[PDB]
Structure formats: structure tokens, C-alpha cells
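Chain identifiers are assigned alphabetically (A, B, ...) following the order of the sequence lines, protein sequences preceding nucleic acid strands; residue numbering begins at 1 within each chain. Below, all heavy atoms of this structure are taken into account, side chains as well, without hydrogens, waters or symmetry copies. One-based numbering, in listed order, for ligands and for the atoms of each.
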Amino acid sequence: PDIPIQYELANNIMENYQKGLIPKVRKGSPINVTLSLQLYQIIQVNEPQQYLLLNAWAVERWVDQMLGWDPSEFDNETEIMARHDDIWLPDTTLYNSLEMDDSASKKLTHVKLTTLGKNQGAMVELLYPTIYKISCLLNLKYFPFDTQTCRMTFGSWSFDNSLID
Amino acid sequence: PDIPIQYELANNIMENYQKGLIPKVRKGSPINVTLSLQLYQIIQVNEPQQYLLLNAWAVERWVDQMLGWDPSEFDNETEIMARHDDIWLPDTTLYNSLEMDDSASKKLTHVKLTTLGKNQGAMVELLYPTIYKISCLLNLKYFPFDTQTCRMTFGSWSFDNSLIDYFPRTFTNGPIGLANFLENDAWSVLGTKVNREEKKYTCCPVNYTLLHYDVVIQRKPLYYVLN
Ligand SMILES: *[C@@H]1O[C@H](CO)[C@@H](O[C@@H]2O[C@H](CO)[C@@H](O)[C@H](O)[C@H]2NC(C)=O)[C@H](O)[C@H]1NC(C)=O
Ligand SMILES: *[C@@H]1O[C@H](CO)[C@@H](O)[C@H](O)[C@H]1NC(C)=O
Ligand SMILES: *[C@@H]1O[C@H](CO)[C@@H](O)[C@H](O)[C@H]1NC(C)=O
């Protein structure tokens, strides 16, 4: 009554959660993660050290099978915002990266949860800006009329596709 | 039933564990650690400051004698993933390193545990990328036709070989993997070597193990000759 409904909703959905382990309740299927990228700037191209610096926005979407709730029980609420430290997140990694510290190349603040049912889980969306230091081989044979192609590789560092896809 | 089996498995295996101390249950033998390295890039060679910058991947394997479980009790599960902060890890150190902060030269995320039995422990594997700042002496007498050799020394900073032992793991083409190496525009790699040595403390009658990795690089003088 005199407290936000978000307090009760978070207390209800955060009761039995353990963020240190993957929330896989169904044995048959893995967890599907969808990734999209938007390019905003090309900061620097370094030929002697063979790396490329980019500024981009990344969006990841997946379904958490342990964070579902019934909207009718909570004043018909179908959305909530939680800190990224509270819930489990997939380990999306750039394989050919020249930066070892994630605090200088990423910024995670919040995630959005949309319920799918009491026993169906919730949809999790994570959007954050990032700066990528990508190491790519450069061919300077036709300088200054040269064109370059650098590849970005994304995936899971420790989980096989039977767990995260 | 309505919770992941990983929850129960982690709660079972994490009950009596203390990550701040070495998990040595058997008195007779030490803990063996196997290390392998793969080279990906040569970022910079600095002659005035006498250091070399490399980008490499490191894999370490050992057996933890306190993290065993019976697969049949947990829905026939034989593997699990845990954060590196939860369990004990050996202190593998590069002796001739010019970097004091490990957050800018290493990135540890997760470890993989494979059970060997309820009372036999589990096999732990740790893979992570790293950037090494190696200080090596450079001889510029034959510049620009010079070749250099810098050594990498690995071992335990505080534990003698009666507690932690180190062994090298080599690849098909040599001790250091070069199948995914990125070609440098100024240096070429000729070969690699590995050597395992036991060294004596100069205050105590105990030994410790050191691993020596040798990399031979040769300069390309075409730019200087033509310029
Ligand atoms: C510690 O390392 C030294 C390395 O010298 C070992 O010394 C060897 O000892 C054996 C006999 O135990 C000799 O046959 C070898 O010739 C010695 N090595 C050399 C290079 O001379 C020593 O055994 C190791 N273990 C200890 C001291 O407990
Ligand atoms: C949503 O739930 C609230 C419960 O507080 C109820 O008063 C309201 O009528 C519901 N609206 C709809 C459209 O179901
Ligand atoms: C593995 O253990 C499970 C226990 O849930 C059992 O149902 C299954 O038959 C076992 N399979 C084998 C091959 O032992």
C-alpha cells in the first residue's frame, strides 16, 4: 500500500534465485541468445600494431526460465527493471580481442524482464555500449588505394551449444 | 524438479570447501599442474626499455581432491561450470614480468570440473587469454640483420615442488602452438624450445620447479635496406 509494487515483485522473484549458475530447468533444449550490433564510429586504425578500434552498441536477448510471475497477483504488472549484478548473464566474448579489462570496454547498468507466465519464465533484454579493440591482419600492398577486411568473432568462452546457443 | 540440477550439485560440492587453502588430502604426493601456451600475436618489441609484448592463450589442468561427486546421485551429471572465485587456483607466475596489475594482463571467467568419483576428486581445467610483458636482453650488434631470443619463466611464487609440481604440455609442431599465429610485418618466428628445471632454495633443503620457454625471432631488413 505505502511501498512500491516493485519491492514485492522483486522480493517474490528473487527468493530462490542463484545467479552463479545457469538457469536451465528444461533438460531437452539449450538457451538461445540473439545478438545484434550497431556501428557508430571508427575511432582508430593502427597498422604497426595491427588492431582496429570501434564504438558500437550491443543488444542481447534470452529467456530466463526461473524468473516468471503472474501479472494479476502484482497489480497487473508485466515489466520490471533490475541491476545486471542481480541475475545471470551469458558470457558473450569477442575471441580476437586485445583488451583484457572489461571495465574499460563495456558498461552494463540494468536489464529488463518481461514475464511469460508463472512457470514459463521471463524474457531478458540487455543493451549496453562498448568499445572493441579488434586485431585484424592488414595488407598494405596497394597503399594508399587499399581496402581492408577485419573479422569479429563472437561466442561462448566455456559453454557448448548444448547449453547456450 | 522445478530447479536446475546444477543448483543441487553446486550446493553439495561447495558445502565443506575452503578456497583459501590448498586442497591436499593425500600426504604422499603433491599436486601436478600441466601448462600449455599458444601464441597469437607479437604486439610490440621495445629496444630502449628492453621488453617484449605478446598475446597468448594459456591452459592449466590439475586435480582437486575435495570436489568429487557420484554422477548417479545427480541425474547422471558428469560436468559443471563454476566461477574462478569459488575454487582454489594455483599461483602460476611469470617471473620476468614487467606488469604488476593482473587485471590488465589476464581475464579469468570460469572453470570446468569433471568428476573422477565420490572420493577421487575432480579434474579442473582453466583456459584464459593473457597479454605478457616480458623483459629480455636484446643484442643490437648486427642490426638490422639481428636475431633475438627472449625467455619466459613460469612457476609457483610461494609453493615448493613438494606441494605443487609443474609439467609442460607440447603441441604437434612444437612446445608452443603457432597454428593461429598472426604474421608480423617486422619479425619472423624461427622456432621454440621448452625446458623443465628443479632449483634449490638457498636457505632451505627443498626444491621448486621452473618452466623455461624460448622464442627465437629474426628481423626483416628489407625496409631498412630499401630506405
Ligand atoms: C633438488 O634438485 C637438485 C638439482 O641439482 C637435485 O640434485 C640431484 O641429486 C641427485 C641425487 O639425489 C644427484 O644424482 C644429481 O646429480 C643431482 N643433480 C645435479 C644437477 O647434480 C636434488 O636431488 C633435488 N631434490 C632434493 C634436494 O631433495
Ligand atoms: C489488472 O489487475 C488489477 C489488480 O490490481 C485489476 O484491478 C485490473 O482490473 C486488471 N486489469 C485488467 C485489464 O485485467
Ligand atoms: C543415468 O542416471 C539417471 C538418473 O536420473 C538414470 O535415469 C539413467 O538411466 C542413467 N543412465 C545411465 C546410462 O546410466
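- At most 12 heavy atoms of other shown residues, nucleotides or ligands fall within 6.0 angstrom of atom OH in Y223(B).
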Inset, instruction - Please test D146(B) against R219(B) for salt bridge (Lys or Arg N to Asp or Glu O under 4.0 Å), starting from the C-alpha separation and ending with a verdict. - result: CA-CA 6 Å; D146(B) 46 309; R219(B) 214 190 274 270; 3.3 Å; yes
Legend entry - Derivation and outcome, salt bridge (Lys or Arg N to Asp or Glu O under 4.0 Å), residues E197(B) and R151(B): CA-CA 14 Å; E197(B) 194 219 18; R151(B) 205 178 226 188; over 6 Å; no
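- When the shell of 6.0 Å around NZ of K24(B) is examined, it contains more than 12 heavy atoms from other residues, nucleotides or ligands.
- Under 4.0 Å from any atom of ligand 2, one finds heavy atoms of residues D75(A), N76(A).
- With no hydrogens or angles considered, a side-chain donor-acceptor pair links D101(B) and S103(B) at under 3.5 Å.
- Without hydrogens or angle criteria, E99(B) side chain to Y132(B) main chain gives no donor-acceptor distance under 3.5 Å.
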Inset, instruction - Take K112(B) and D160(A) through the test salt bridge (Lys or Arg N to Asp or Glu O under 4.0 Å) and record every step on the way to the result. - result: CA-CA 12 Å; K112(B) 199 180 67 175; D160(A) 45 284; over 6 Å; no
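- Counted by atom type alone, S135(A) and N96(A) present zero donor-acceptor pairs between their side chains at under 3.5 Å.
- Within 4.0 Å of ligand 1, counting heavy atoms only, the contacting residues are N207(B).
- To the nearest 0.5 Å, atoms CE (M14(B)) and CE (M66(B)) are separated by 9.0 Å.
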